[PDB]
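K.L.:
Just dropping in an experimental structure and the matching sequence.
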Amino acid sequence: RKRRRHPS
Amino acid sequence: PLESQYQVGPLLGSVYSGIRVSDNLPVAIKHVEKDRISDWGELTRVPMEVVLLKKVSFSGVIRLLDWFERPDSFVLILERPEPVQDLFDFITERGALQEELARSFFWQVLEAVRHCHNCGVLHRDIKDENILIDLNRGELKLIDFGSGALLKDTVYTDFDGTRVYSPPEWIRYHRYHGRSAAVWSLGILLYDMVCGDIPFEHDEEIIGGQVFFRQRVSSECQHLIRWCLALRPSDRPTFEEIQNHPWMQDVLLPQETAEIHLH
Ligand SMILES: O=C(O)c1ccc(/C=C\c2ccc(O)cc2)cc1
């Protein structure tokens, strides 16, 4: 499954 | 002058790699637009980020080496470990971390965040993206104070960190207290380390208060994670309770961590 960064 | 003391290199993420001309020290050169700065402080009116970086300037938090004001921006000269990898890319490439390694990393994050609080600083954006690994020394560094605030004991009603690390009281009620919100984000981080990705993506998952483990994780570690992720903030452990937890005992030293897991 898609692990991704998350903008703050 | 800024262009005279530093050799500016390529982008790293608006942050540029650089070298201090004096001693060839590697630095990170971070540019922040004035129009985008939410909170200001004073020391001279400066971005709150500069205030907080000065208050924590101990190798567990990134060191601000210098800063300049320009017409429309501030420029921050920050320490740059080399070789380095941030914890997000590290977990992406290696997957779920062995518990011995997650223990050492999480312990170092705990010491760094304790340092912040002791200096009056609330980071408000603890996550793997904001943690640098010095691969040779096995030391971790907390970075990007751009969402932080002065630490206070009263309620916070604003927030600009990462939503998937924010606690349920923020999702539901738009309020939180600093330390218990930090402990929630540390629960998210710890799950991230031992499972290989964060547990929640959607608001309903955050407030739902159920933690499913997708990897084999010891009962002691699961207990610590679930405690950190208690829905009611007063049910969460203090930092002392986290560091006294059974799972946290017998941590590796940073150099041992580097030699066993990073070299
Ligand atoms: O405080 C900050 O925002 C901040 C502090 C230090 C750095 C330095 C290097 C660096 C960061 C992330 C990488 O993936 C690679 C290299 C960057 C940003």
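P.N.:
Arrived safely. Numbering: from 1, shown residues only, chains lettered A, B, ... in the order given.

K.L.:
out of everything not next to it in sequence, what's closest to residue B:159?
P.N.:
Spatial nearest neighbour of residue B:159, chain neighbours left out: residue B:170 (5.8 Å); criterion: Cβ to Cβ, 6 or more residues apart in numbering or on different chains. (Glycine included, C-beta is placed from N, CA and C.)

K.L.:
With residue B:58 instead?
P.N.:
Among residues not flanking residue B:58 along the chain, residue B:115 sits closest, at 5.4 Å (Cβ to Cβ, 6+ apart).

K.L.:
mind listing what that neighbour touches?
P.N.:
Neighbour list for residue B:115: B:56, B:58, B:60, B:61 [criterion: Cβ atoms under 8 Å, 6 or more residues apart in numbering or on different chains].

K.L.:
now swap in residue B:223 and tell me
P.N.:
Listed by Cβ under 8 Å, 6+ apart, the contact set of residue B:223 reads B:245, B:247.

K.L.:
What of residue B:157?
P.N.:
Going by Cβ under 8 Å, 6+ apart, the list of residues near residue B:157 reads B:174, B:175.

K.L.:
What segments of the chain are strands?
P.N.:
Because you didn't say which chain, this covers chain A. Ranges of strands in chain A, per DSSP state E: none exist.

K.L.:
please go with chain B instead
P.N.:
B:6-11, B:15-20, B:26-33, B:40-42, B:45-47, B:64-69, B:73-79, B:84-86, B:121-122, B:131-134, B:139-142, B:149-150.

K.L.:
Relative to the fourth one, what are the paired strands and their orientations?
P.N.:
Meaning strand B:40-42. Using DSSP bridges, strand B:40-42 pairs in its sheet with strand B:45-47 (antiparallel).

K.L.:
What lies in contact with the strand it pairs with?
P.N.:
B:32, B:37, B:39, B:40, B:41, B:67, B:69, B:74, B:146.
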